[PDB]
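Read top to bottom, the protein sequences are chains U, Y, B and E. For the first sequence, the residue numbers in the working numbering are 1 to 355. For the second sequence, the residue numbers in the working numbering are 1001 to 1355. For the third sequence, the residue numbers in the working numbering are 2001 to 2355. For the fourth sequence, the residue numbers in the working numbering are 3001 to 3355. Heads up, the beta-carbon is just placed ideally off N, CA and C, and yes, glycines get one too. Report on the following structure.
There are 4 protein chains.
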Amino acid sequence: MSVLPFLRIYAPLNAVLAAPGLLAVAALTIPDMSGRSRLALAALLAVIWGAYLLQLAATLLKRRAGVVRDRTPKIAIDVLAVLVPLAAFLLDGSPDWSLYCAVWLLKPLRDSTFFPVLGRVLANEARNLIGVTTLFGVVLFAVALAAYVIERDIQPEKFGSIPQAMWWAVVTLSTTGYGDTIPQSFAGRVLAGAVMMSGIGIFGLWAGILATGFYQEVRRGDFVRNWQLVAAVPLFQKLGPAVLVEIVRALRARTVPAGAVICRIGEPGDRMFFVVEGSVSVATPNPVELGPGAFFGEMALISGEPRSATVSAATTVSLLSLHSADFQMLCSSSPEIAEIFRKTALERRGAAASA
Amino acid sequence: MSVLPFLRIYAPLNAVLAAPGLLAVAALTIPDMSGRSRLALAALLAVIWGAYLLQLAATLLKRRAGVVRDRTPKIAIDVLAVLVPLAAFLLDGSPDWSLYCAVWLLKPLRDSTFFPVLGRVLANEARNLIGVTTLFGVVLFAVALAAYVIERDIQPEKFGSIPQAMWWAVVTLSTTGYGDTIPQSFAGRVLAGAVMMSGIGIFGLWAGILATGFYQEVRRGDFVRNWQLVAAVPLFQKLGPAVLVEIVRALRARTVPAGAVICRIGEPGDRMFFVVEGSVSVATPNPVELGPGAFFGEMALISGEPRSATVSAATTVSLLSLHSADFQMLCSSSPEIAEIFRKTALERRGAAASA
Amino acid sequence: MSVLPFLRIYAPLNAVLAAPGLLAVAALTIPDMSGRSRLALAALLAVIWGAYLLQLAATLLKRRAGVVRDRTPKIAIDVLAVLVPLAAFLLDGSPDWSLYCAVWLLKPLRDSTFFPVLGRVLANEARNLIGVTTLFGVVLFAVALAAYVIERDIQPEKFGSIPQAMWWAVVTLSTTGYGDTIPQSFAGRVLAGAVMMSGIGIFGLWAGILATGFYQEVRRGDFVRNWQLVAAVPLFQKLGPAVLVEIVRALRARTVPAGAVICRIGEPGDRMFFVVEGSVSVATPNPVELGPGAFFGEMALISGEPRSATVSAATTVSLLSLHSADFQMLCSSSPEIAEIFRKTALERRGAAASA
Amino acid sequence: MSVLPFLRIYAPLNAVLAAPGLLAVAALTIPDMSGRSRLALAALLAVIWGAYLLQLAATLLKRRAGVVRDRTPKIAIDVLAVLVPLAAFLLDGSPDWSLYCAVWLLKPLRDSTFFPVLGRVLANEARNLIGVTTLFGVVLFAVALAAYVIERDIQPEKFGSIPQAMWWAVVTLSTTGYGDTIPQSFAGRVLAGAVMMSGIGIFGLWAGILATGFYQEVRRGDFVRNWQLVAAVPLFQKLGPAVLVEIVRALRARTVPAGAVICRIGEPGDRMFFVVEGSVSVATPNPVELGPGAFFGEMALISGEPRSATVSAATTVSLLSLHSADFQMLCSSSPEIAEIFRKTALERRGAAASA
Ligand SMILES: [K+]
Ligand SMILES: [K+]
C-alpha cells in the first residue's frame, strides 16, 4: 500500500523465454497434428537454445567483478540449458527428446530472487516440519488401518488391503475428496468425523509453520535491504538508536525508472518519499529538481491536501516511501525534526515557484 | 466488539438495485417460460435503466464541489450503465441483448469503499505474488509432466497428453478433487502424497500474502480515518506524542443516526464513548444533553456496573468508542487525566439529575 | 499451556441432555423399525421434557438476585422447550411431531458462554464482511456467467442456463469440487485456473476476518475477566501502572475443585500460581495451608527443579497461573519484588517443614 | 533462517525402525503373493522385535540417573512393544496376528519431543474447542435436518433419513465434497451457499485455535530452553533486565557435531554466533580455536562483507545464532557493548593471523 514498484521487476529475458518455450511442448504431444507447426515450434526451442547459448558464453565470460563470488547456483542451469537438449537430440532419436523440457523450468528459478528467501527458513523450522510430518505419518496409518478392519469383507475390490486404505486417508484427510471408493457401513462413516476435523487442524498448524517465520523473513527483508539507504540521508545523525528499529519495518525501498511518474498533481495526498539516489522532475515553474538525498510530501501530510507538484522520475531513482502514521510517528517521535519539516513546509511553498 | 455501526452502511440505492436487477436475467435464460413475466422483468431493467438515468444527469451535474477532483472511477460505469443496454437493444435484436447484465456488476463496485482498500496493497506485495505465481507455475508443470510419463500407455483417453495432466494438477493441488480422471497404477498414486502437502503449503503462504498486510491496512484504516476526531476533543492538549499511537489502533469511529439508541439503561456496562459532533439524549430527569466533544461511560467502567442512563442518539452523532482496558490503559497511562475522570465520576452522579 | 482447567467446564445438566435427546430422533426416522424402542425413546423426550419442566418452574422462580437483570436470552428457550413439543403433540398427530427436535438445539446455546463472545465482534467487523460478501457476489456471477457463453451449445442439460452455472461457481470456488457437471472444451477449463486461485484468496481474507479480532477478543477475555483477582493480592500496591497491561495478557484464571490435585510432587517444575480465594493442601509434615491471596512455585522456577510439595486443592480454589518468562519478566521488571521472592525462596524452604 | 541444525535431529534408531517395520505389513495383506518374501519380512518384525528387545532390558536397567524421575511415558510402549506381538503369535494363529502393527506406531511418539509440546496447550484452550465443537454440533444438525424436509420424497434411497443427511453435512461443510448424493431441487441447492461459507469460517476460527497459542508455545520454547546459555557468557553481567526478554525470542540454540562446518570462508556474511560449550576450528594460519563462551561474525556484520575464516565444528558445539538486526538491536541497545565489539572488530583482524 505504500510503495511504487516500477522498472520491470520481471526484467531479464532469460526468465521470460521459458514461458513461451515450454508451451512449445504440447503441440508435439498430440495425435492428428499437422506437421507444419509441429516443426515450427521445434525451431523456437532452437531459438531459446540459441538465445541462452548466445547469452551463455557471455555468462561464461565471468571475468566481470571477479574478486570473490559463489556462482555455483547461477551457472548450474545455463550449462545444462544447452547440453541436455543437445545430447537429447541424438540418443533420443524419437520425438521424446522434447520431453527434456523439464530442464528450462529451473531458468525462472535461476534468477528468482525470493526463492532463496524460501529455502532459507526451512533450515531452521524443519525441526517442526518433521515431527509434524511423522505425526502426519502417525495419523495416516493410525487411521488408514482402521478401515481395513471393516470393509475388507464386502469391499475386497476397493478396501481389500491396507495401502488402498492409505489412499483413502489423505484423499479424505487432505481436504480433497475425489469420490472413487467410499464406505457403505455405519462405523466406517463415523470415523471420518474426526479425520477432516484432524487434517484441518494438522494443516491448521503445518501450513502455519510456513507463513509463521516466512513473514518474519519478508518483514525482515525490509530491514536487511534497508539498513542501507540510511546513512545517505544528511539529516539522520540525530536519530536515536532505538528510533530506527521502530521505523525500518515500514520503510520499503523500490526503484522508479527514468521518465515515469512518481506523484501526479491533484491526486489525494497519502504518502511521502525519501529520494536517496537519482533525480526527479518536480513540475513547477522553476523545477525544484532534487537529487540524491531528498524528500517530499510533508506539504500534503501536514495539511492533508492534494499533491502540490507533478513529480516525475527524471532518472532512475532508488526510492523510499512512507505513509502518514509512521511519519506522524516521527513527528511525534521528536520535536527536533518537525521544526525543519515545519520550516520545509514553508520553504518549499515559496521555493517551489522560486529557485 | 467495541463499536456501534448504524445509519445504513449499505445506504445508496445506486448500489441496491443491481441486486434485484441482475436476477431479472435468469427467467429469460430458461425454456418453456410463459411470456407474462418474461417481459415484466424486462421493464425492471428499464426501471433501473431509467432509475440510474434519472440519477445520471444529476451526476453529470458535477458542478458540486468542483474545485479539484478525480472522478474517472465514479463516472466510468454510470456512462456505460445506460449506453451498453441502449446499443444492446438494437444491434443485438435477439434476446441475447440481456446478456449485457455483465455491466451493472461494477455498480456495487462503483460505491464500494473497501474495494480501493483491496487494490491498494497489491501494488506493494505483488513482488511476492509473482515469484509465488511463477513458483506455482514451476510446481504445476514440474508435477503435471510427471504423470504423462506413466499412464499415457493405459490411459490415452484421459492422460494421453500433457495439458490433460495439467488439469489434474490444480484439481489435485488446489484442494478440490473433482473425480473425473484418477490414476490406476501405484507410482502415479505415490506422487499425490506431496501434491496436497505442497499446495496446502503454497496457499499456506500465498493466501497468507493477502491477509498479511491487508490487516495492516485495515488496522491502518482505523488510524488515517481517526487522526481526525482528535483535536476536536478539548482535553487532548496534554496527551504525549507516543501516547496517541498506542491508542488510535483501538479507537474506531462510526456514526449513529438520529433517534437511535446508543446505550440503554440497565444493560451491563462494558464500554465508553467520545462524542465529537452531534447531540444525544441522556435520559435523566434533567437530560444532560452533551453535544460535540463529550464522553460517557466512566461511571460504569470505574465501578463495573450497569448503565446509569438510556443515552439515545438525539441527532446524527459521529461517535467513537472504547472498552475498559484501553481506557484502563489511559487511566494507567496518566494520573493527570484520571483526576478529572474521578471528578467526572462524581460530578455526573449529581449532574445527571441536576442541571 | 499454563492453566489448570477443572471443575466440569461442561457442568450444567441442562446442556447435557440435548446430546442424548436429539439422537432419539433418528430411530423414528427409519422404516422397518420394531415398535419396542420406537416408543421407548419417545419417553426419553418426555423425560427431558419433564426434566427441563421440573427445572423450568424453578427457573420461573426468578426472584433470586432480582435487582436489575436482562434474562430475555436465558428464558427465551426454556419457555419454548416445553410448549413447542406440547403443541406439536396434538396438531401434528402423525409422527412428524418429533421433527420439532430443532428446538432443543438452542439449549446448548442457552448456557454456551463463548457464544456471546462470537456475536459480539460481528457487530464491528461486518462492515468488511459485507463488502467482501458483495465482492463474493461480484466474483460469483462475474464468473458464473462466463460459462453459459460457451457450453450452452453442447451441454444444454447441464449448462443450459445461468443458475446451473452459479452452482458450478461456488462448488468450484469454495474449494469443494463435487463432480456432477464439468466442462469439456478448452476455454471453459482455462477459466478455473483463477477461480480456485481467487476463492482461496477471498477466503484467505474472509475467514481471516473472523480469527483476526476474534483473537483480540479472546486475548481480551483474559483481561476483562482478570482485572479482577488483582487488588485481592496483598502485594500489588507497588506495581506500576503500565506494568499490569504487560502481564494480564498471559495470566489466565481458572478454578480447581475440592480434593483435586494442583501440583504433584516430583513432576518437573514449569509454572507458579497465585491463590486468591479458597485453600490448598501443601503436602508437608506441617501442611502450609495457604488460603486466599497466596502463591507458590518460585521455589521451583528460581532453581529449575521439581516440585517441593504435592499441593492438592483442599477446597474450590479460584486459581491463577504463570510460567517462568512472564515471572522472569516480573523478576526482571523490578528488584523490589524479587527480594521478597528471594526471601520467600528461603522462608518457604524451612517454613514448609516447620509452621 | 538463522540457525544451523545438525547432528541428526532424527537420531535414535528406536524411532528409525518403525518406518521399515510397518511397511512389512502390506505384503502379507495381499492375495496371490509368493511365500518367499511373505515370510522374509516376518523375520524383520522379529528383528525389530529382537532389536527393541535387546534395547529393552537395557532400558529396564533404569538405575541410570535414578534420583527422581517420571518414566511412565517412555516405558509404556517398550513393554507392549514385545508383549503384544508375543501374545499375538499364539492366540491369533491365523496371519492376522500381524495386524498388531498398530503397536509400533507409538514408538516414534515415544521419543517424539514436540509431541508433548502439542498436548500441553490443549489443556488450556480446550475451553474454546468444546464451545466450537458443540457449535459444530449445532451447525451440523441444524443444517443436516434442513434437507430431510425436502428430498425424502424423491430421494428416499439417498435422503430417506436424517443421518444420511448428516453425512452430506460434513462432506459438504468440511470442504471435501465427495460426490455420492447431491440434491436435485432448487431450495436444497440454495442451502449450500451458507454451508461452505459457514464451515470455512468455523474452521477459519477452529484451526486458528491451534496455531494461535501453539506459536506462543513454540516461540516460548525458544525462551525456556534458552534462559539457559545466558549466564555462561562472560559478558552478560551488564545486560539490563528488560534487555533480555527482547532478545531471547530470536536467539535459538542448536548443536553442531564434530568435524562439521559452521561458516565457510567467502560465503556472504549474514549472521553471527555465540559459542557457549565446545570448540571450533577457526581456519587461519594461527587457528584461533575459541572454546566455551565465545562469538564470531561481527567482523562481517559491521562491514557487511564475506566470511573471514572457515570456522568448522572441531567438536560437538552447543551453538547459538543471531542475524544482524537483532545484533544491530544490541549495538543500538547499548554503546557500552559496541565498544568491545568495535575493539574485537580490530583485535580479531590481527589476532586471526597472530596468536
Ligand atoms: K475438496
Ligand atoms: K469430489
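Between the CA atoms of residue j and residue i - distance to the nearest angstrom
{"i": "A1242/Y", "j": "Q228/U", "result": "26 Å"}
{"i": "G1221/Y", "j": "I1247/Y", "result": "14 Å"}
{"i": "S2161/B", "j": "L1017/Y", "result": "23 Å"}
{"i": "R2071/B", "j": "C3331/E", "result": "60 Å"}
{"i": "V149/U", "j": "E1157/Y", "result": "36 Å"}
{"i": "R3254/E", "j": "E3125/E", "result": "30 Å"}
{"i": "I154/U", "j": "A3026/E", "result": "20 Å"}
{"i": "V1138/Y", "j": "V1132/Y", "result": "9 Å"}
{"i": "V3280/E", "j": "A3314/E", "result": "5 Å"}
{"i": "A3194/E", "j": "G3201/E", "result": "10 Å"}
{"i": "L2041/B", "j": "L3210/E", "result": "38 Å"}
{"i": "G2208/B", "j": "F114/U", "result": "25 Å"}
{"i": "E151/U", "j": "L3061/E", "result": "44 Å"}
{"i": "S98/U", "j": "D3032/E", "result": "40 Å"}
{"i": "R3127/E", "j": "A2258/B", "result": "20 Å"}
{"i": "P5/U", "j": "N226/U", "result": "15 Å"}
Contact test: residue i Cβ vs ligand 1 heavy atom, cutoff 6 Å
{"i": "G177/U", "result": "yes"}
Own chain partners of residue i with C-beta closer than 8 Å, once the 5 adjacent residues on each side are dropped
{"i": "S1174/Y", "result": "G1199, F1203"}
{"i": "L3022/E", "result": "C3101, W3104, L3105"}
{"i": "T1284/Y", "result": "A1309, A1352, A1353"}
{"i": "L2129/B", "result": "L2122, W2206, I2209"}
{"i": "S2312/B", "result": "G2259, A2260, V2261, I2262, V2280, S2281, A2283"}
Own chain residues within Cβ distance below 7 Å of residue i, not counting five before or after
{"i": "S2354/B", "result": "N2286"}
{"i": "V3121/E", "result": "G3213, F3214, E3217"}
{"i": "residue 991/Y", "result": "One cannot answer for residue 991/Y here, as it falls past the ends of chain Y, which runs 1001 to 1355."}
{"i": "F3295/E", "result": "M3272, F3273, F3274, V3275"}
{"i": "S333/U", "result": "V243"}
Coarse secondary structure for residue i, derived from DSSP in three states
{"i": "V1170/Y", "result": "helix"}
{"i": "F3274/E", "result": "strand"}
{"i": "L1099/Y", "result": "helix"}
{"i": "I2262/B", "result": "strand"}
{"i": "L3322/E", "result": "strand"}
{"i": "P3268/E", "result": "strand"}
{"i": "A2355/B", "result": "coil"}
{"i": "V2288/B", "result": "coil"}
{"i": "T1072/Y", "result": "helix"}
{"i": "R254/U", "result": "strand"}
{"i": "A1294/Y", "result": "strand"}
Cβ neighbours of residue i in the same chain (closer than 6 Å, five flanking residues each side left out)
{"i": "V1171/Y", "result": "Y1178"}
{"i": "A3081/E", "result": "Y3052"}
{"i": "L2044/B", "result": "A2024"}
Worksheet item: Quick one: any contact between the segment 1251-1268 of chain Y and the segment 1299-1312 of chain Y, if contact means 3 or more CB pairs under 8 Å?
Response: yes
Item to complete: Would you check if the segment 3187-3197 of chain E and the segment 176-196 of chain U touch, i.e. whether three or more CB-CB distances between them fall below 8 Å?
Response: no
Worksheet item: Between the segment 1330-1347 of chain Y and the segment 2087-2099 of chain B, do at least 3 Cβ pairs fall closer than 8 Å?
Response: no
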